[PDB]
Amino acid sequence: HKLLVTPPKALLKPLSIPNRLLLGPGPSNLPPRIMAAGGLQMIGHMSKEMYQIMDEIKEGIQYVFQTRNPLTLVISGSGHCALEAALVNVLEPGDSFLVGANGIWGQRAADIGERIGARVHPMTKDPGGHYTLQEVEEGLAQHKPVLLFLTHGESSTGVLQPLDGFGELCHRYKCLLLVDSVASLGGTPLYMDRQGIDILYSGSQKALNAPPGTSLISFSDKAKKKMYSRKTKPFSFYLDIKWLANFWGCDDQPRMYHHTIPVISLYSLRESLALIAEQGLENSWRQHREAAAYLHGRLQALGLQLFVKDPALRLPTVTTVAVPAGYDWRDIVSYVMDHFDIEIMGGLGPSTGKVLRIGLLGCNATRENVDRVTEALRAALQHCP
């Protein structure tokens, strides 16, 4: 009985957190309702009430995704985790996997792809690039993939990817379409079923304004078949779709314990879905598009140039901006934070050092926040050497 480690003096102080206006690519600031849900008491993780809450979230994801797929649920992990879940259940080792690598995200899909032993074929594009129906038909014809991954909202580049008909294309060639909508969901049009998407995921901490840590996923008929008929077991227990599906009530069988869901994160997630259900999807889309419209105008007035030249390809939720010559982008970002308590970001992955990223997300996608970031940047431009 004698202790190596003594109580950490830091823990003996009270928790203190500064106030910040988060106008980077995410996570975003939480509205009052979501914070309130966050502060609530626990119920039983397998209680009848928890299942009710979970059932509502499912309906919520079906609304925001625009799908009727029964195989739709929450992944108990961040965005990445939902991607990993998708890839680990859909791809058996040796399966051919076509990856739209126009930014960090396709990179991450590829990385995961290699790790789980798929034959990974990366359609690589420079940051700023998007994919045409043809490049995909071409890559599809050449490598005969079981799955294609596409980033809808490329948050690393500010690119909005077209999506239209790609699923139809992919269904000829009998290939599955996997789409990343973590950054795009809620702030730009998206219809899972109508666009024939096989696997769609998104994240909690973007336009939904919930805390980071959960993610959203849905699987088509085709996906469900491939996953339930694989010969091999997926490398992951935590992310195994058969178990997850059962516990989320997507089965005929009674719910069986798998892992303990993040009850409190779910309260918040539910509220975030409640909020956007009340606003309404198309309304939310207009707001992001209009906010984004306003923001670009202000930026160019400052003498800044937008990284993505064709406005139809510009992701409304995350805006990229070329680093103004002569300026140390690091200084600008620090300046905005130091003098304004506002977070903006640099690049990420290929776009590193090449851009600034400003985000308009959910209830934070407002004209008034655009004015704040515009003025903060202006001051930055004025004073930074």
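Start at 1 and count along the sequence shown; that's the residue number.
Here 324-332 and 338-346 are compared by their mean Cα B-factor, and 324-332 comes out higher. Across the two stretches, 165-173 and 280-288, the PDB entry reports the greater mean Cα temperature factor for 165-173.
Looking at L269, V159, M227, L299, the one whose CA carries the top B-factor in the deposited record is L299. The entry assigns its greatest Cα B factor, within the set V120, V74, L185, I116, to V120. Among all modelled residues in this chain, the alpha-carbon of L91 has a temperature factor (C-alpha) in the middle third. Ranked within its chain, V355 lands in the highest third, by CA B factor from the PDB record. Compared with the other modelled residues of the chain, the Cα B-factor recorded for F307 ranks in the highest third. The deposited CA B-factor of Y238 belongs to the lowest third of values across its chain. Annotation for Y131: CA B-factor lies in the highest third of the chain's modelled residues.
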